[PDB]
Amino acid sequence: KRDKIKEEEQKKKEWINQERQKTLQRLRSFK
């Protein structure tokens, strides 16, 4: 039968997770 899958460029969002982490941190101090 049918199924679905994917995976792509996981580090990019993981790199963005770093770039999220700053704005996870910044307004957490900018407040």
# chains A, B, ... in the order shown; residues from 1 in each chain; ligands from 1
call {"tool": "select_by_dssp", "arguments": {"residues": "chain A", "states": "alpha helix (DSSP H)", "output": "ChimeraX atom specification"}}
result
/A:10-30
call {"tool": "write_last_selection", "arguments": {"atoms": "N, CA and C atoms", "output": "PDB file, in the first residue's frame"}}
result
ATOM      1  N   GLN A  10      18.371  18.807   7.481  1.00  0.00           N
ATOM      2  CA  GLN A  10      17.950  18.885   8.866  1.00  0.00           C
ATOM      3  C   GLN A  10      18.808  19.841   9.663  1.00  0.00           C
ATOM      4  N   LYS A  11      20.036  20.020   9.215  1.00  0.00           N
ATOM      5  CA  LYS A  11      20.932  20.915   9.913  1.00  0.00           C
ATOM      6  C   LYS A  11      20.528  22.359   9.706  1.00  0.00           C
ATOM      7  N   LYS A  12      19.865  22.656   8.582  1.00  0.00           N
ATOM      8  CA  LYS A  12      19.528  24.039   8.255  1.00  0.00           C
ATOM      9  C   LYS A  12      18.581  24.623   9.283  1.00  0.00           C
ATOM     10  N   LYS A  13      17.496  23.908   9.562  1.00  0.00           N
ATOM     11  CA  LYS A  13      16.615  24.288  10.658  1.00  0.00           C
ATOM     12  C   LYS A  13      17.334  24.175  11.993  1.00  0.00           C
ATOM     13  N   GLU A  14      18.218  23.189  12.116  1.00  0.00           N
ATOM     14  CA  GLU A  14      19.039  23.095  13.310  1.00  0.00           C
ATOM     15  C   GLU A  14      19.996  24.279  13.393  1.00  0.00           C
ATOM     16  N   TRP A  15      20.459  24.773  12.249  1.00  0.00           N
ATOM     17  CA  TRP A  15      21.219  26.014  12.273  1.00  0.00           C
ATOM     18  C   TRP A  15      20.305  27.173  12.578  1.00  0.00           C
ATOM     19  N   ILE A  16      19.076  27.093  12.092  1.00  0.00           N
ATOM     20  CA  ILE A  16      18.104  28.121  12.410  1.00  0.00           C
ATOM     21  C   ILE A  16      17.688  28.011  13.864  1.00  0.00           C
ATOM     22  N   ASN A  17      17.827  26.820  14.441  1.00  0.00           N
ATOM     23  CA  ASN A  17      17.532  26.656  15.853  1.00  0.00           C
ATOM     24  C   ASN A  17      18.514  27.436  16.692  1.00  0.00           C
ATOM     25  N   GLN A  18      19.744  27.554  16.214  1.00  0.00           N
ATOM     26  CA  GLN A  18      20.651  28.517  16.805  1.00  0.00           C
ATOM     27  C   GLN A  18      20.143  29.932  16.588  1.00  0.00           C
ATOM     28  N   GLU A  19      19.706  30.236  15.367  1.00  0.00           N
ATOM     29  CA  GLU A  19      19.235  31.584  15.076  1.00  0.00           C
ATOM     30  C   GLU A  19      17.873  31.823  15.695  1.00  0.00           C
ATOM     31  N   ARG A  20      17.164  30.754  16.022  1.00  0.00           N
ATOM     32  CA  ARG A  20      15.998  30.919  16.871  1.00  0.00           C
ATOM     33  C   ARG A  20      16.422  31.201  18.296  1.00  0.00           C
ATOM     34  N   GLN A  21      17.541  30.602  18.721  1.00  0.00           N
ATOM     35  CA  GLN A  21      17.919  30.612  20.129  1.00  0.00           C
ATOM     36  C   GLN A  21      18.266  32.009  20.595  1.00  0.00           C
ATOM     37  N   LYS A  22      18.825  32.813  19.697  1.00  0.00           N
ATOM     38  CA  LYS A  22      19.110  34.199  20.023  1.00  0.00           C
ATOM     39  C   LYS A  22      17.829  34.957  20.291  1.00  0.00           C
ATOM     40  N   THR A  23      16.878  34.867  19.375  1.00  0.00           N
ATOM     41  CA  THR A  23      15.602  35.524  19.598  1.00  0.00           C
ATOM     42  C   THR A  23      14.758  34.739  20.577  1.00  0.00           C
ATOM     43  N   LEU A  24      15.172  33.518  20.887  1.00  0.00           N
ATOM     44  CA  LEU A  24      14.645  32.886  22.079  1.00  0.00           C
ATOM     45  C   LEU A  24      15.255  33.515  23.312  1.00  0.00           C
ATOM     46  N   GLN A  25      16.425  34.119  23.167  1.00  0.00           N
ATOM     47  CA  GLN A  25      17.079  34.664  24.343  1.00  0.00           C
ATOM     48  C   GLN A  25      16.868  36.165  24.436  1.00  0.00           C
ATOM     49  N   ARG A  26      16.745  36.829  23.291  1.00  0.00           N
ATOM     50  CA  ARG A  26      16.880  38.281  23.267  1.00  0.00           C
ATOM     51  C   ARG A  26      15.703  38.967  23.935  1.00  0.00           C
ATOM     52  N   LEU A  27      14.490  38.724  23.434  1.00  0.00           N
ATOM     53  CA  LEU A  27      13.301  39.302  24.050  1.00  0.00           C
ATOM     54  C   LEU A  27      13.102  38.745  25.447  1.00  0.00           C
ATOM     55  N   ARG A  28      13.673  37.571  25.711  1.00  0.00           N
ATOM     56  CA  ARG A  28      13.728  37.050  27.067  1.00  0.00           C
ATOM     57  C   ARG A  28      14.632  37.892  27.956  1.00  0.00           C
ATOM     58  N   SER A  29      15.457  38.748  27.364  1.00  0.00           N
ATOM     59  CA  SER A  29      16.123  39.767  28.161  1.00  0.00           C
ATOM     60  C   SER A  29      15.619  41.155  27.800  1.00  0.00           C
ATOM     61  N   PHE A  30      15.060  41.300  26.602  1.00  0.00           N
ATOM     62  CA  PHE A  30      14.660  42.626  26.151  1.00  0.00           C
ATOM     63  C   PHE A  30      13.325  43.002  26.738  1.00  0.00           C
TER      64      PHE A  30
END
call {"tool": "decode", "arguments": {"residues": "region 7-31 of chain A", "atoms": "N, CA, C and O atoms", "output": "PDB file, in the first residue's frame"}}
result
ATOM      1  N   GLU A   7      12.762  13.496   4.250  1.00  0.00           N
ATOM      2  CA  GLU A   7      13.715  14.136   5.165  1.00  0.00           C
ATOM      3  C   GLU A   7      14.637  15.036   4.360  1.00  0.00           C
ATOM      4  O   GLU A   7      15.201  14.577   3.368  1.00  0.00           O
ATOM      5  N   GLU A   8      14.872  16.273   4.789  1.00  0.00           N
ATOM      6  CA  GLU A   8      15.783  17.106   4.012  1.00  0.00           C
ATOM      7  C   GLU A   8      16.407  18.229   4.817  1.00  0.00           C
ATOM      8  O   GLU A   8      15.688  18.956   5.500  1.00  0.00           O
ATOM      9  N   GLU A   9      17.730  18.389   4.701  1.00  0.00           N
ATOM     10  CA  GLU A   9      18.500  19.536   5.181  1.00  0.00           C
ATOM     11  C   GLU A   9      18.290  19.839   6.653  1.00  0.00           C
ATOM     12  O   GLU A   9      18.070  20.993   7.029  1.00  0.00           O
ATOM     13  N   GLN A  10      18.371  18.807   7.481  1.00  0.00           N
ATOM     14  CA  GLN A  10      17.950  18.885   8.866  1.00  0.00           C
ATOM     15  C   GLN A  10      18.808  19.841   9.663  1.00  0.00           C
ATOM     16  O   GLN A  10      18.361  20.426  10.650  1.00  0.00           O
ATOM     17  N   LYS A  11      20.036  20.020   9.215  1.00  0.00           N
ATOM     18  CA  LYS A  11      20.932  20.915   9.913  1.00  0.00           C
ATOM     19  C   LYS A  11      20.528  22.359   9.706  1.00  0.00           C
ATOM     20  O   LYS A  11      20.833  23.210  10.542  1.00  0.00           O
ATOM     21  N   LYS A  12      19.865  22.656   8.582  1.00  0.00           N
ATOM     22  CA  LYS A  12      19.528  24.039   8.255  1.00  0.00           C
ATOM     23  C   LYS A  12      18.581  24.623   9.283  1.00  0.00           C
ATOM     24  O   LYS A  12      18.847  25.684   9.858  1.00  0.00           O
ATOM     25  N   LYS A  13      17.496  23.908   9.562  1.00  0.00           N
ATOM     26  CA  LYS A  13      16.615  24.288  10.658  1.00  0.00           C
ATOM     27  C   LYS A  13      17.334  24.175  11.993  1.00  0.00           C
ATOM     28  O   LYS A  13      17.107  24.975  12.906  1.00  0.00           O
ATOM     29  N   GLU A  14      18.218  23.189  12.116  1.00  0.00           N
ATOM     30  CA  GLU A  14      19.039  23.095  13.310  1.00  0.00           C
ATOM     31  C   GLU A  14      19.996  24.279  13.393  1.00  0.00           C
ATOM     32  O   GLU A  14      20.290  24.779  14.484  1.00  0.00           O
ATOM     33  N   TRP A  15      20.459  24.773  12.249  1.00  0.00           N
ATOM     34  CA  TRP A  15      21.219  26.014  12.273  1.00  0.00           C
ATOM     35  C   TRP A  15      20.305  27.173  12.578  1.00  0.00           C
ATOM     36  O   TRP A  15      20.689  28.130  13.253  1.00  0.00           O
ATOM     37  N   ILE A  16      19.076  27.093  12.092  1.00  0.00           N
ATOM     38  CA  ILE A  16      18.104  28.121  12.410  1.00  0.00           C
ATOM     39  C   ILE A  16      17.688  28.011  13.864  1.00  0.00           C
ATOM     40  O   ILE A  16      17.239  28.985  14.468  1.00  0.00           O
ATOM     41  N   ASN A  17      17.827  26.820  14.441  1.00  0.00           N
ATOM     42  CA  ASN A  17      17.532  26.656  15.853  1.00  0.00           C
ATOM     43  C   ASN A  17      18.514  27.436  16.692  1.00  0.00           C
ATOM     44  O   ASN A  17      18.166  27.952  17.755  1.00  0.00           O
ATOM     45  N   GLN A  18      19.744  27.554  16.214  1.00  0.00           N
ATOM     46  CA  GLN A  18      20.651  28.517  16.805  1.00  0.00           C
ATOM     47  C   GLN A  18      20.143  29.932  16.588  1.00  0.00           C
ATOM     48  O   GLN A  18      20.115  30.746  17.517  1.00  0.00           O
ATOM     49  N   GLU A  19      19.706  30.236  15.367  1.00  0.00           N
ATOM     50  CA  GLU A  19      19.235  31.584  15.076  1.00  0.00           C
ATOM     51  C   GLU A  19      17.873  31.823  15.695  1.00  0.00           C
ATOM     52  O   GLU A  19      17.449  32.966  15.870  1.00  0.00           O
ATOM     53  N   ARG A  20      17.164  30.754  16.022  1.00  0.00           N
ATOM     54  CA  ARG A  20      15.998  30.919  16.871  1.00  0.00           C
ATOM     55  C   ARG A  20      16.422  31.201  18.296  1.00  0.00           C
ATOM     56  O   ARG A  20      15.770  31.977  19.002  1.00  0.00           O
ATOM     57  N   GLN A  21      17.541  30.602  18.721  1.00  0.00           N
ATOM     58  CA  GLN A  21      17.919  30.612  20.129  1.00  0.00           C
ATOM     59  C   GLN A  21      18.266  32.009  20.595  1.00  0.00           C
ATOM     60  O   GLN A  21      18.022  32.367  21.751  1.00  0.00           O
ATOM     61  N   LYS A  22      18.825  32.813  19.697  1.00  0.00           N
ATOM     62  CA  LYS A  22      19.110  34.199  20.023  1.00  0.00           C
ATOM     63  C   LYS A  22      17.829  34.957  20.291  1.00  0.00           C
ATOM     64  O   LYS A  22      17.669  35.582  21.339  1.00  0.00           O
ATOM     65  N   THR A  23      16.878  34.867  19.375  1.00  0.00           N
ATOM     66  CA  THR A  23      15.602  35.524  19.598  1.00  0.00           C
ATOM     67  C   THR A  23      14.758  34.739  20.577  1.00  0.00           C
ATOM     68  O   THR A  23      13.708  35.206  21.021  1.00  0.00           O
ATOM     69  N   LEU A  24      15.172  33.518  20.887  1.00  0.00           N
ATOM     70  CA  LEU A  24      14.645  32.886  22.079  1.00  0.00           C
ATOM     71  C   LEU A  24      15.255  33.515  23.312  1.00  0.00           C
ATOM     72  O   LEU A  24      14.683  33.454  24.402  1.00  0.00           O
ATOM     73  N   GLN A  25      16.425  34.119  23.167  1.00  0.00           N
ATOM     74  CA  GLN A  25      17.079  34.664  24.343  1.00  0.00           C
ATOM     75  C   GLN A  25      16.868  36.165  24.436  1.00  0.00           C
ATOM     76  O   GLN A  25      16.812  36.727  25.533  1.00  0.00           O
ATOM     77  N   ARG A  26      16.745  36.829  23.291  1.00  0.00           N
ATOM     78  CA  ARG A  26      16.880  38.281  23.267  1.00  0.00           C
ATOM     79  C   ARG A  26      15.703  38.967  23.935  1.00  0.00           C
ATOM     80  O   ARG A  26      15.877  39.684  24.921  1.00  0.00           O
ATOM     81  N   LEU A  27      14.490  38.724  23.434  1.00  0.00           N
ATOM     82  CA  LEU A  27      13.301  39.302  24.050  1.00  0.00           C
ATOM     83  C   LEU A  27      13.102  38.745  25.447  1.00  0.00           C
ATOM     84  O   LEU A  27      12.514  39.399  26.311  1.00  0.00           O
ATOM     85  N   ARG A  28      13.673  37.571  25.711  1.00  0.00           N
ATOM     86  CA  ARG A  28      13.728  37.050  27.067  1.00  0.00           C
ATOM     87  C   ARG A  28      14.632  37.892  27.956  1.00  0.00           C
ATOM     88  O   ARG A  28      14.620  37.747  29.180  1.00  0.00           O
ATOM     89  N   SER A  29      15.457  38.748  27.364  1.00  0.00           N
ATOM     90  CA  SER A  29      16.123  39.767  28.161  1.00  0.00           C
ATOM     91  C   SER A  29      15.619  41.155  27.800  1.00  0.00           C
ATOM     92  O   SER A  29      15.760  42.105  28.577  1.00  0.00           O
ATOM     93  N   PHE A  30      15.060  41.300  26.602  1.00  0.00           N
ATOM     94  CA  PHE A  30      14.660  42.626  26.151  1.00  0.00           C
ATOM     95  C   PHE A  30      13.325  43.002  26.738  1.00  0.00           C
ATOM     96  O   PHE A  30      12.909  44.160  26.690  1.00  0.00           O
ATOM     97  N   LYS A  31      12.627  42.025  27.269  1.00  0.00           N
ATOM     98  CA  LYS A  31      11.509  42.338  28.099  1.00  0.00           C
ATOM     99  C   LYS A  31      12.090  42.789  29.411  1.00  0.00           C
ATOM    100  O   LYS A  31      13.199  42.394  29.749  1.00  0.00           O
TER     101      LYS A  31
END
